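First comes the structure, then the notes that go with it.
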Amino acid sequence: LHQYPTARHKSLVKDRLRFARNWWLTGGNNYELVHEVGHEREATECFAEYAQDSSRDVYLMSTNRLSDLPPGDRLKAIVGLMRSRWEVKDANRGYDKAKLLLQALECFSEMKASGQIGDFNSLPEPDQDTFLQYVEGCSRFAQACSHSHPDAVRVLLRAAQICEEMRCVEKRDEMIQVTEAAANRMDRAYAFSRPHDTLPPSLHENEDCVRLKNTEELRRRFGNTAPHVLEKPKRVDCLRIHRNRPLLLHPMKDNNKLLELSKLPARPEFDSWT
Amino acid sequence: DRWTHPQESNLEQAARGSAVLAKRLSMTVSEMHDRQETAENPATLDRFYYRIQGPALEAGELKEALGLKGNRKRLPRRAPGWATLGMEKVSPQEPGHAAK
Amino acid sequence: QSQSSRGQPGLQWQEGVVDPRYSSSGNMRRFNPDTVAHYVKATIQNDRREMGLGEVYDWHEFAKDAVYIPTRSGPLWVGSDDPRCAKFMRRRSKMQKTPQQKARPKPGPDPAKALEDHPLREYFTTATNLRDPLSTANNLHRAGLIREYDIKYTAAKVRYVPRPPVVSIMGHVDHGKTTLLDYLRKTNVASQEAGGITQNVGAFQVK
Amino acid sequence: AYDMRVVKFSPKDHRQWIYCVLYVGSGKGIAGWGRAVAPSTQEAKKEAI
Amino acid sequence: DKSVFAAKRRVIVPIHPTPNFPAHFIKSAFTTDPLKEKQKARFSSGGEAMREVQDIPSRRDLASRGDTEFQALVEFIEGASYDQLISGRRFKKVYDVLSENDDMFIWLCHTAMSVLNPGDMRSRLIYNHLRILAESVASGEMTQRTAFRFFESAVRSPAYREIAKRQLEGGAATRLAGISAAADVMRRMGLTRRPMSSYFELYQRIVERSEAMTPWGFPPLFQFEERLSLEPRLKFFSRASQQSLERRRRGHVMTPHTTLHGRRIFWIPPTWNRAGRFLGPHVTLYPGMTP
RNA sequence: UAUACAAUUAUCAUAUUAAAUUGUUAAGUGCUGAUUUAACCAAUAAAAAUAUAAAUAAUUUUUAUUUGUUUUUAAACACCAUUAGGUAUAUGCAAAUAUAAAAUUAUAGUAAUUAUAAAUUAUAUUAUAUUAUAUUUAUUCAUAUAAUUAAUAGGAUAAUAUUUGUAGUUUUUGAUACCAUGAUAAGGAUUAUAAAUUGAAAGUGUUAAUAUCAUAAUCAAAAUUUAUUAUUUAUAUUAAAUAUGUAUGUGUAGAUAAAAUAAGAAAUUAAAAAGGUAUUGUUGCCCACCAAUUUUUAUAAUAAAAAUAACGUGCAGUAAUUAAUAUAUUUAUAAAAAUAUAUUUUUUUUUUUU
Ligand SMILES: [Mg+2]
Ligand SMILES: [Mg+2]
């Protein structure tokens, strides 16, 4: 028992005062006022710019290999790749990061000539800072991974070459120094360099041995004369209740009739008595 | 705001301003001085009372054709930033790109 | 217009048998002229007569294009040419012409390259190669027994020690495999086996 | 606020006017509210003011 | 109704975009544009208008205003010339201009008559009260009901009832002083251009009402302005209270068809599109003979 | 999921200080027989008349008990019958709207709020009074046929063109034998004498957007079955485009047409109130039953309640076609209907000692 207009919403049917059901507009005395005013400043000042515009229209094509892109766009592509690469947690040691930084540095070296950006002094302060940060990061990663990958010396040498062609003397000298250091420090970590040196259990590991010793000494002592070596049972299991208070099912005491009644067959007439 | 002041296109704004300029130029200096219609005051382009009798839907179509009512025109979307022209061509909202 | 009724859904099956209404032979959405009375056919003819429509020459053929509409009173059997079913026929014809008409989201970057970019990629470990010392040295570092600085030193210093052999008794069914293993073990366990066949892999040390 | 309401002058003469409620205020301590109905938004605003 | 919304149900047309009514902008902002006005201005400008137009005709407004009632009356009067008719709109305008000041006359008559014992109007205190309230009513700063309440509740004298027990037996005072004060206030205040009009209205609206049932008794609701009011002809002190205008007119069987066949004055002239067969209001199909 | 009714007036079962109860009268032919009613009708048909003065307001009504079924002469009178009759009035059995309340529905679990209000909508002149209406005339009413619609091209009396005689097949598709948007007509009932007209806007075949076999078109000599049309009546009768052979029957049934304008016509007439539960607005909401799916309480061969746009039977309610509301009885395809009693969210009509 509930009336409900299917064609129209009930609220829309009910709100008689808000809407008008009649659809005929009659003249009568229903005058309407059309008032239009304007000012001289509306002719020039305060004109909005529409969102859609043919000037800011771009056809975006895609390609996978980096060589297709110009160096200017290739630098942004490399940085976009490094954005997702730098989230990898490897204790800031690796080879892929050094390769990516080397690719960015090679992009700078190419754009020096093909991209006609100019020289290091020609490049303003912010891009100088970006270049210095990139080369320093490449050097740090190459040094970190040098002891494992013996090609980090080549990475550092290419970075030094790129600094040379970018004409940064202060960074080039440091790159020369670090390349000289690494070219002789790379072989130290290997085994043949240090034949003098050679190659501990945890607390849990030692306590496991202690427990095993106790179990064995109880086994040989009481395994035959009196089987009391069994540990205390945990057959009672906690079940979660209203406020997560663990309820424990205490086993029934022997001095009750419940277990005596339970052990008997349910139907004496039909169930076997043996 | 959008109810009291309906949005209108830049072409309509320019047309309104040019109509005001034309009315001001057509007016004479003596009558302008008498009426105190200096360039500061906004000029009233027109004002009239109309009366329309007929079916509601056809009256709506007629008014839309005559430009008497709007409320359904799809005006172009405005720029996300400062929509007013003449702003700096390159201006990032976040400065960023800082060193040290 | 909508084939589904406005009531709550009900169980399709009884204890073991299918409900006759939802059974294929007795489908509730199919007009069966054999099992329906005369008054439903009379209503169908009256509906096709009051509105300008062709009369039903054949009911068995008409049932193929008959359309069911759930109503509070019950099923409403209507023709595919009927104005009431015109909208549903429009949608069904469009579906039969081309099904793919719902926009599909653009897939992202390839998951393999996403894995290469994954933050936890360096924590992966692989099974050691028995004949490769570098693999077991790297896995020593991965398990945390040695230093990553000492990976190469351990790879050079790793010694190889022989291990007891592992031999798999394989063959056809009922070919004495379990009996041979029992005689090797000096035990008799084939007889107690359930069904007289081996059903689980068993590894046992023998001298 | 703004709203829409029906106005009935004659049994066969129905129109839809709009209802405007507003107020005018000045922190010097003077304020006053108003509400009106009129055929158009501008007329409703002026009558409410 | 034939619109897009109605036609979508009447007869579904797959061509939804269709201009039912051609675009024709009657307004002035839409028609013009800067490119049009740049060319238009050189040919049509203020200087060019001054050069090619002949001269056919606050303080300056008051200097040029003259007498508003006379300027309104002369239009209706001159409507009797050979090239124009006696327009009823002109008489309506003249009536409005003449009766624009009737509200103050109504209020002054109410204060003079309805108040049973206003006291001594000659006294400067009561005179100032009446003058201030009349000025407020004329300016519109105070409504008539509240002004009348102020007049009847204003402070006059301590022990007013006890003092009136000496003079008035029934509490009704002579109206000569009240009428004199109500004339004097309007004489002093520049209400109307003609000084005698105020006195004549005050006297006439009283002498005309004096011969009606309950001449000085007024219901509180209808005595002044209110949400529910009376007809202008049925108001208490109205200038059009007494009339015997024709209210019954005989009608023939063809009247609803020949409503416009007489000597009607058309606000909108009938056209062939609307009226299929109608010669006009000036024709006579059965003319007489004149010398 | 936790988180501030009211107490100055709330319509369904919360009655508690109140004077009641009982009178002993009326009416009594058979006569020559048509009473009542929209209609049918039944059997002697006339009748029951008496009041006030008087019972404290309270501190334990916590307390007895109590609210129109109450049994017989007539008049009234519900099931049922159909030719048409039967059938209810306090003596007992019976707490009960005159309200100390917490959004609808529902057993206090089922759905997601439920009700209600205002404005408007075609039924009711009143009797001097914005008009006397009332007379004359007329009525056998019929016509339709033989198919091709898609370019410009100049001449005598002019200073000169053979352009005398100007020569490029074939890719589109609707006003046609349906349908293929709009738009003019006919239809007199209240603005009148006066220097004046007695024909309306609410729409009539052809006309401007929906397509998808369409050659339907007069240039004569032609084929009543179809509503919407004034024909000549008894002395003289067929000559030019070919032009009506049928029906004499007491100015004659029913039914029906026209006129109060350069014509001739004259006292009883227009002029009140009074409604939406509908908003998709009567072609409307809504009602149970029928029919179809399904949920909840339940396991007892249970019962109850709830949701749902199209069916079937109806028309119960909505001033709604014999008014509606409440309780009791009764009938049953279903809304409901009829009675007994009590009410009007039923729209209303003037008697201050004749
Ligand atoms: Mg085996
Ligand atoms: Mg009914």
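So you can find residues: chains in the structure tokens are A, B, ... in the order shown, residues in each start at 1, and ligands are numbered from 1 in order.
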
May I ask you to write as a ChimeraX atom specification all residues lying at most 9 Å from ligand 1, with only C-alpha atoms (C1' of nucleotides) and all ligand atoms counted?
/C:173-179,190,193,196-199

Which protein, DNA or RNA residues have an atom within 7 Å of ligand 2, counting only C-alpha atoms (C1' of nucleotides) and all ligand atoms, as an NGL selection string?
:F and (315-317 or 320)

So that I have them on file, write out the residues from the current selection with N, CA and C atoms (P, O5', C5', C4', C3', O3' and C1' of nucleotides), as a PDB file, in the first residue's frame.
ATOM      1  P     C F 315     -19.192  -1.513 -14.348  1.00  0.00           P
ATOM      2  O5'   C F 315     -18.775  -0.530 -13.166  1.00  0.00           O
ATOM      3  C5'   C F 315     -19.300  -0.695 -11.853  1.00  0.00           C
ATOM      4  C4'   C F 315     -18.537   0.129 -10.844  1.00  0.00           C
ATOM      5  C3'   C F 315     -18.789   1.632 -10.908  1.00  0.00           C
ATOM      6  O3'   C F 315     -18.676   2.186  -9.600  1.00  0.00           O
ATOM      7  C1'   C F 315     -16.507   1.200 -11.332  1.00  0.00           C
ATOM      8  P     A F 316     -19.982   2.715  -8.828  1.00  0.00           P
ATOM      9  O5'   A F 316     -19.566   2.667  -7.292  1.00  0.00           O
ATOM     10  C5'   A F 316     -19.445   1.430  -6.606  1.00  0.00           C
ATOM     11  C4'   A F 316     -18.534   1.555  -5.412  1.00  0.00           C
ATOM     12  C3'   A F 316     -17.982   2.946  -5.144  1.00  0.00           C
ATOM     13  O3'   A F 316     -18.895   3.795  -4.476  1.00  0.00           O
ATOM     14  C1'   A F 316     -16.222   1.389  -5.053  1.00  0.00           C
ATOM     15  P     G F 317     -19.046   5.326  -4.940  1.00  0.00           P
ATOM     16  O5'   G F 317     -17.763   6.040  -4.327  1.00  0.00           O
ATOM     17  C5'   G F 317     -17.548   6.070  -2.925  1.00  0.00           C
ATOM     18  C4'   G F 317     -16.199   6.650  -2.586  1.00  0.00           C
ATOM     19  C3'   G F 317     -15.892   8.016  -3.179  1.00  0.00           C
ATOM     20  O3'   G F 317     -16.464   9.081  -2.442  1.00  0.00           O
ATOM     21  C1'   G F 317     -14.054   6.580  -3.525  1.00  0.00           C
ATOM     22  P     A F 320     -21.460  13.962  -5.809  1.00  0.00           P
ATOM     23  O5'   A F 320     -20.530  13.396  -6.973  1.00  0.00           O
ATOM     24  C5'   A F 320     -21.096  12.700  -8.079  1.00  0.00           C
ATOM     25  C4'   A F 320     -20.221  11.559  -8.546  1.00  0.00           C
ATOM     26  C3'   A F 320     -19.560  10.738  -7.439  1.00  0.00           C
ATOM     27  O3'   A F 320     -19.456   9.379  -7.861  1.00  0.00           O
ATOM     28  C1'   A F 320     -17.898  11.651  -8.841  1.00  0.00           C
TER      29        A F 320
END

Taking only C-alpha atoms (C1' of nucleotides) into account, what are the residues of chain A at most 12 Å from chain F, put as a tab-separated table (two decimals) with C-alpha atoms, in the first residue's frame?
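Final output, saved to result-v2.tsv:
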chain	number	residue	atom	x	y	z
A	1	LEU	CA	0.00	0.00	0.00
A	2	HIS	CA	1.99	2.96	-1.32
A	3	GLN	CA	0.97	5.25	-4.17
A	4	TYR	CA	3.86	6.00	-6.52
A	5	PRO	CA	3.72	7.79	-9.91
A	6	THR	CA	5.80	5.72	-12.31
A	7	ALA	CA	5.93	8.23	-15.18
A	8	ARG	CA	7.11	11.22	-13.10
A	9	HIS	CA	9.03	11.59	-9.86
A	10	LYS	CA	6.84	11.95	-6.78
A	11	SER	CA	8.57	15.13	-5.60
A	12	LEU	CA	8.18	16.69	-9.05
A	13	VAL	CA	4.48	15.83	-9.06
A	14	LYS	CA	4.07	17.23	-5.54
A	15	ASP	CA	5.89	20.58	-5.89
A	16	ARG	CA	2.90	22.42	-7.33
A	17	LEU	CA	4.08	25.87	-6.25
A	19	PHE	CA	6.66	24.79	-11.24
A	20	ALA	CA	3.80	25.69	-13.59
A	21	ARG	CA	1.62	22.98	-15.11
A	22	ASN	CA	-0.05	25.23	-17.70

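If you take only C-alpha atoms (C1' of nucleotides) and a cut-off of 6 Å, the residues of chain F that reach chain E are residues 130, 188, 189, 190, 192, 196, 200 and 210 of chain F.
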
Hey, list the chain E side of the contact with chain B: 12 Å cut-off, only C-alpha atoms, answer as a PyMOL selection string.
chain E and resi 1-7+18-51+53+58-61

Could the residues in this selection be saved with C-alpha atoms as a compact mmCIF listing (two decimals), in the first residue's frame?
# COMPACT_ATOMS: atom_id res chain seq x y z
CA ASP E 1 2.69 22.90 -30.07
CA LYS E 2 5.30 22.56 -32.83
CA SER E 3 8.81 22.68 -31.35
CA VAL E 4 11.83 20.38 -31.37
CA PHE E 5 10.87 18.83 -28.02
CA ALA E 6 7.25 18.27 -29.06
CA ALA E 7 8.17 17.02 -32.54
CA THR E 18 16.87 22.12 -37.67
CA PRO E 19 16.27 25.87 -37.21
CA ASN E 20 12.52 26.14 -36.62
CA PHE E 21 12.64 29.95 -36.50
CA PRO E 22 15.13 32.07 -38.50
CA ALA E 23 17.55 34.16 -36.48
CA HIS E 24 16.48 37.81 -36.23
CA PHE E 25 17.96 39.80 -33.34
CA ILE E 26 15.61 42.62 -32.35
CA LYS E 27 17.98 43.98 -29.70
CA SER E 28 20.62 46.64 -30.33
CA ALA E 29 23.77 45.18 -28.76
CA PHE E 30 23.82 42.13 -31.04
CA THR E 31 23.24 43.84 -34.40
CA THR E 32 26.20 46.24 -34.23
CA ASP E 33 29.93 45.51 -34.24
CA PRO E 34 33.15 47.58 -34.27
CA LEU E 35 33.77 47.00 -37.98
CA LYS E 36 30.30 48.29 -38.88
CA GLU E 37 30.54 51.29 -36.55
CA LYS E 38 33.99 52.31 -37.81
CA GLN E 39 32.46 52.93 -41.24
CA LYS E 40 29.15 54.23 -39.87
CA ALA E 41 30.64 56.89 -37.59
CA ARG E 42 32.29 59.00 -40.30
CA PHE E 43 29.00 59.42 -42.17
CA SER E 44 26.84 59.73 -39.03
CA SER E 45 28.40 61.74 -36.20
CA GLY E 46 27.45 64.48 -33.77
CA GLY E 47 29.09 67.24 -35.79
CA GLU E 48 27.48 66.06 -39.02
CA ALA E 49 24.09 65.89 -37.29
CA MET E 50 24.52 69.43 -35.95
CA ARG E 51 25.53 70.61 -39.43
CA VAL E 53 19.83 69.18 -38.68
CA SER E 58 18.27 70.88 -11.45
CA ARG E 59 18.08 74.67 -11.66
CA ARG E 60 17.71 74.59 -15.46
CA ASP E 61 15.10 71.84 -15.16

Residues flagged helix (DSSP H, G or I) by DSSP in chain D, as a VMD selection string
chain D and resid 41 to 48

Leaving out region 108-120 of chain C and any residue of its chain fewer than 4 positions from it, which residues lie within 7 Å of it when counting only C-alpha atoms (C1' of nucleotides), given as a compact mmCIF listing (two decimals) with N, CA, C and O atoms, in the first residue's frame?
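Generated output (part.txt):
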# COMPACT_ATOMS: atom_id res chain seq x y z
N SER A 84 61.28 7.11 -12.75
CA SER A 84 60.85 5.79 -12.34
C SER A 84 62.01 4.87 -12.00
O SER A 84 61.81 3.87 -11.29
N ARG A 85 63.21 5.16 -12.50
CA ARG A 85 64.36 4.32 -12.18
C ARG A 85 64.86 4.56 -10.76
O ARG A 85 65.28 3.62 -10.08
N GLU A 87 63.41 5.16 -8.03
CA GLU A 87 62.66 4.58 -6.93
C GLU A 87 63.16 3.19 -6.55
O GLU A 87 62.75 2.67 -5.51
N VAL A 88 64.03 2.59 -7.36
CA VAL A 88 64.57 1.28 -7.05
C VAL A 88 65.50 1.38 -5.84
O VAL A 88 66.40 2.22 -5.81
N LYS A 89 65.27 0.53 -4.85
CA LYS A 89 66.04 0.53 -3.61
C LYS A 89 67.15 -0.51 -3.72
O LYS A 89 66.89 -1.71 -3.63

Sorted by chain and rising residue number, which residues of chain F lie within 6 Å of chain C, and what are their closest atom pairs and distances in Å to one decimal, counting only C-alpha atoms (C1' of nucleotides), as a tab-separated table?
residue	atom	partner	partner_atom	distance
F:291	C1'	C:73	CA	5.1
F:292	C1'	C:74	CA	3.7
F:294	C1'	C:8	CA	5.5
F:308	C1'	C:72	CA	5.6
F:311	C1'	C:73	CA	5.4

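One distance worth recording is that between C1' of residue 202 (chain F) and CA of residue 8 (chain E), which is 23.6 Å.
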
For residue 3 (chain D), which residue out of A:18, A:138, A:263, A:179 is the nearest one, using only C-alpha atoms?
A:18

Residues of chain D near chain A: apply a cut-off of 6 Å, count only C-alpha atoms, and supply the list as a ChimeraX atom specification.
/D:4-6

Generate the output file for the selected residues, N, CA, C and O atoms, as a JSON list (two decimals), in the first residue's frame.
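File out.json, as written:
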[["chain", "number", "residue", "atom", "x", "y", "z"],
["D", 4, "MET", "N", 12.67, 29.54, -8.27],
["D", 4, "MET", "CA", 11.65, 29.69, -9.29],
["D", 4, "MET", "C", 10.29, 29.32, -8.72],
["D", 4, "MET", "O", 10.17, 28.31, -8.01],
["D", 5, "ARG", "N", 9.28, 30.13, -9.02],
["D", 5, "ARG", "CA", 7.94, 29.91, -8.50],
["D", 5, "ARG", "C", 6.93, 30.27, -9.58],
["D", 5, "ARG", "O", 7.23, 30.99, -10.53],
["D", 6, "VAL", "N", 5.72, 29.74, -9.43],
["D", 6, "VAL", "CA", 4.63, 30.00, -10.36],
["D", 6, "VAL", "C", 3.79, 31.15, -9.83],
["D", 6, "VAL", "O", 3.58, 31.27, -8.61]]

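Secondary structure from DSSP on the backbone puts strand (DSSP E) at the following positions of region 73-259 of chain A: residues 238, 239, 247 and 248 of chain A.
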
Restricting it to N, CA, C and O atoms, dump the selection as an mmCIF file, in the first residue's frame.
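Final output, out-v8.cif:
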data_model
loop_
_atom_site.group_PDB
_atom_site.id
_atom_site.type_symbol
_atom_site.label_atom_id
_atom_site.label_comp_id
_atom_site.auth_asym_id
_atom_site.auth_seq_id
_atom_site.Cartn_x
_atom_site.Cartn_y
_atom_site.Cartn_z
ATOM 1 N N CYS A 238 42.914 -20.638 21.608
ATOM 2 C CA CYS A 238 42.223 -19.386 21.868
ATOM 3 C C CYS A 238 41.369 -18.998 20.669
ATOM 4 O O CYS A 238 41.824 -19.055 19.523
ATOM 5 N N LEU A 239 40.127 -18.615 20.939
ATOM 6 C CA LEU A 239 39.225 -18.097 19.923
ATOM 7 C C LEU A 239 38.894 -16.648 20.246
ATOM 8 O O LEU A 239 38.731 -16.283 21.415
ATOM 9 N N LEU A 247 39.289 -16.291 24.293
ATOM 10 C CA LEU A 247 38.634 -17.307 25.103
ATOM 11 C C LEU A 247 39.360 -18.629 24.909
ATOM 12 O O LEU A 247 39.663 -19.016 23.776
ATOM 13 N N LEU A 248 39.642 -19.315 26.012
ATOM 14 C CA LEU A 248 40.366 -20.578 25.994
ATOM 15 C C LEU A 248 39.430 -21.699 26.416
ATOM 16 O O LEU A 248 38.720 -21.578 27.419
#

Pick out the residues sitting within 8 Å of residue 44 (chain D), and hand them over as a list in words; count only C-alpha atoms (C1' of nucleotides), and ignore anything fewer than 5 positions along from it in its own chain.
residues 18, 19, 20, 36, 37, 38 and 39 of chain D

Residue selection dump (N, CA and C atoms) as an mmCIF file, in the first residue's frame:
data_model
loop_
_atom_site.group_PDB
_atom_site.id
_atom_site.type_symbol
_atom_site.label_atom_id
_atom_site.label_comp_id
_atom_site.auth_asym_id
_atom_site.auth_seq_id
_atom_site.Cartn_x
_atom_site.Cartn_y
_atom_site.Cartn_z
ATOM 1 N N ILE D 18 10.666 34.350 -10.901
ATOM 2 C CA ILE D 18 11.776 33.893 -10.082
ATOM 3 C C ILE D 18 11.793 34.692 -8.787
ATOM 4 N N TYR D 19 12.291 34.044 -7.737
ATOM 5 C CA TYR D 19 12.271 34.564 -6.378
ATOM 6 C C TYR D 19 13.701 34.807 -5.925
ATOM 7 N N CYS D 20 13.994 36.045 -5.540
ATOM 8 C CA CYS D 20 15.322 36.446 -5.102
ATOM 9 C C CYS D 20 15.257 36.923 -3.660
ATOM 10 N N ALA D 36 11.808 38.928 -2.783
ATOM 11 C CA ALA D 36 10.838 39.381 -3.768
ATOM 12 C C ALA D 36 10.696 38.342 -4.869
ATOM 13 N N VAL D 37 9.618 38.475 -5.638
ATOM 14 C CA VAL D 37 9.365 37.647 -6.811
ATOM 15 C C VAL D 37 9.102 38.568 -7.993
ATOM 16 N N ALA D 38 9.675 38.233 -9.144
ATOM 17 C CA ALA D 38 9.540 39.080 -10.321
ATOM 18 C C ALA D 38 9.775 38.232 -11.561
ATOM 19 N N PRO D 39 9.294 38.678 -12.728
ATOM 20 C CA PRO D 39 9.432 37.854 -13.940
ATOM 21 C C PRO D 39 10.863 37.507 -14.306
#

Atom pair CA of residue 34 (chain C) / CA of residue 55 (chain C): separation (Å):
18.9 Å

I want to know what sits within 12 Å of region 248-261 of chain F, based on only C-alpha atoms (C1' of nucleotides), with residues of the same chain fewer than 4 positions away left out; could you give that as a PyMOL selection string?
(chain E and resi 285-286) or (chain F and resi 133-139+197-198+229-230+233-234+265-266)
